[PDB]
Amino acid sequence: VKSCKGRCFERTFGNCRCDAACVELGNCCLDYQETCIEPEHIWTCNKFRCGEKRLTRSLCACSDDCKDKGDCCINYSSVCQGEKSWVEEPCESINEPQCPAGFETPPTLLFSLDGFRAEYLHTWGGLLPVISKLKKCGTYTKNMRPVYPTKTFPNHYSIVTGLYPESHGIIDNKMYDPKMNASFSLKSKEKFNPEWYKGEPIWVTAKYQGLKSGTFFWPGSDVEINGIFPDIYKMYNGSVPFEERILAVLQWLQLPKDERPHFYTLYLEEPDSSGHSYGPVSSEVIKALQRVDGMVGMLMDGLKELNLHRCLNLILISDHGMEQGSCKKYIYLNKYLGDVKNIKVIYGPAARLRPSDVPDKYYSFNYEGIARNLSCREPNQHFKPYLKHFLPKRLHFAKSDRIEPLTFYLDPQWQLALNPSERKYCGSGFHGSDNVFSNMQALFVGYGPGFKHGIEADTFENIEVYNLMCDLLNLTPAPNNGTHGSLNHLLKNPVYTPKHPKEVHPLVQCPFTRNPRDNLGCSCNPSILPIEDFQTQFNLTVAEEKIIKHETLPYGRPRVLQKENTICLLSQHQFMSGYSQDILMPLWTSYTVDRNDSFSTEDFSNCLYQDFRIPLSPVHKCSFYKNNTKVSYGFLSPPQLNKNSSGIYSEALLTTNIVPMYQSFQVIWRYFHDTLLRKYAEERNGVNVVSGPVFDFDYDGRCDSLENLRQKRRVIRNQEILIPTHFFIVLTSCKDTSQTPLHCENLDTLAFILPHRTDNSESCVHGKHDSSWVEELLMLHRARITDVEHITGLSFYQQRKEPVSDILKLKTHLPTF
């Protein structure tokens, strides 16, 4: 008589009513809405609904007969039978999977929350119980590094291909390809054009090895790629309620085994939507985080109902983070260029510039003009123009023709457009910035049989996830930019054991040859003590050699993986090196700076000693470089460094230890070796160094072939010389600063791929002290050891006692400060 329970929509005698007319009259029973209406609009049971008379319009049932008819709401057992929800159960380990027939290989589900910045879980974890329990019981990293630009289509497509955007071709939501003379838009028919989507998404990889796939939304899953769609896919429709997407994937997981997928995707637009609309710190984002947390709960609760919660491997992930934009932190190019109508500028933090007249002027247009026009125009300028090949190599953002030849690097929180007309609300949340900025860092949680429990893994890159998902599905990965085995530490039972790459030809020898003590045109500083008997000073005892190797190559010698290549090892007291007869230059030197080693200020300009182990060549003489305006030289192993005296190490002045070096770059090189290397040595109680030249004329992140390099020599004073595109440096100390680099239990690395440029316009040297800008340029141009390996054709640390997987982990690390 007081309640609608069991009498929805029926006439009553006893006071309160349960028909739609009651609301106007305000004579409804107090539980009319909860009992009779809400069930049409909600996917949950509650205390009002437990044992409800079945309603025909209800989205799911909480009626006693719901289990028989198999349409109980997912939380039925939790709420109406008093059982515990997935989130309410304590963690318990999944050593053996408990899977049905068909899942002898257990399924993997890639669940994306768009624009879930890593920080959201750091800060609001107390409000996110489900994602928090997955972290607790699973494999988590505080930060998963996205690809540049930190945008949705690029990162989603990267996750499922293991490719950098420059390689997979989806470099933004809006693109122009000049070869195609077509434009890419998400609003357009070209969105569906397979020409745009390169590489191999995992759903294709899986199909070729006989696994079916179900994608409830993912970029590319609605495109015929290598002639294939996912076995089940959905046309993107953001209006589909989240509950309906999760319920559909749970339907797919009950398909008969012959047609049931192994690889699944789930995607939600939150918290990216709220993040843009109201900012990353906002009531709206908190509410969205709680919503997606609940949807993750609905999935886990559903998997429990299906006895699949100790079967399915879940990867909960995000494309990128989110940052607070400001109208006071937006740069307009028209301030510097005027209201010109010949250029189209892509707005935001990953801003790019292209001529209007395309494809005609795309290559011919004067990029360098605008580049210099916009450089160092203000002090503490919040943007920097870059020809795409001069962007830090760590960003891997240049190979694709779809990348405009002039790009901008924006500071944290800063964005750029041509003018205020061509951009949306500047006060909005945004992303797209440098993929090492904290607020761009992304979510990763792995949970399931395949993944470890209660592990917090060090930061890794989303490009490594493709190989990981391949391992979880026992697939052979297509070729990608992940280092296979670098994430073996995340897996209970790694399926791929990596091996160090095998050197193609063993080292040729460079034996001493009796030759004249020839004139090099050098006016040596008198202090320097020349090499009085070369054959004496460089005929070393096997006892003497063991000591040198142990001090200079404590991790083994860099191995060379290039096919057509001839290198020779050169021995010295303070350093070892690999010399290329082919390019008249070392590919690498290795030396070790100890805590209390001495760095000399004594000048050593215009001083070289001939090396009788290689033929003398014109480019090895001080004469070639004397008042040469076009190129100078520099030393890999530093002459400044003496272990024996406080003077200058003469052996470092050999012709074999010099590389072509622009005068401008000497400022950087001299500051590094004089100042920084000393500080690094003191700070870390010794540091092993390996440095060398880099030739990437294709700007493709890879060492150029010898064949290619022959056509890229410059002719200077009627000599053929090869000038490095970059110089690499790899510092190595111990995690424990008590031990020196020769006896590390654990390696701490720091590597650089410094661009080799004829001016230092990059750094805006004007009215600034020298110290500041060099350190900043090194930090911007840091790189993974793996980045160095790719671009030099070298392979480091091959003689370490550590297993290979642990080395790959170390090699793929990028330091962040």
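In case it trips you up, residue 1 is the first one in the sequence shown, and so on. In this text, the rigid core denotes the largest set of C-alpha atoms whose superposition between the two forms falls within 1.5 Å.
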{"property": "RMS Cα shift after core superposition in 4 other deposited structures of this protein, winner of 182-190 and 433-441", "result": "182-190"}
{"property": "8-16 against 803-811 - segment lying farther from this form in 4 other deposited structures of this protein (CA RMS, rigid core fit)", "result": "8-16"}
{"property": "Flanks modelled, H769 absent in at least a third of other entries", "result": "yes"}
{"property": "Which of 767-775 and 58-66 has higher mean CA B factor, as the PDB entry lists it", "result": "767-775"}
{"property": "Mean C-alpha temperature factor, higher of 591-599 and 425-433", "result": "591-599"}
{"property": "Most elevated Cα B-factor in the entry, residues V504, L128, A288, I232", "result": "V504"}
{"property": "Candidate set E532, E119, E461, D700 [ranked by C-alpha B-factor, highest]", "result": "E532"}
{"property": "Chain-wide C-alpha B factor ranking for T812, given as lowest, middle or highest third", "result": "lowest"}
{"property": "Third of the chain, ranked by Cα B-factor, where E40 sits", "result": "middle"}
{"property": "Record-listed C-alpha B factor of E96: chain third", "result": "middle"}
{"property": "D172 by Cα B-factor - lowest, middle or highest third of the modelled chain", "result": "middle"}
{"property": "Within-chain third of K191 by Cα B-factor, per the entry", "result": "middle"}
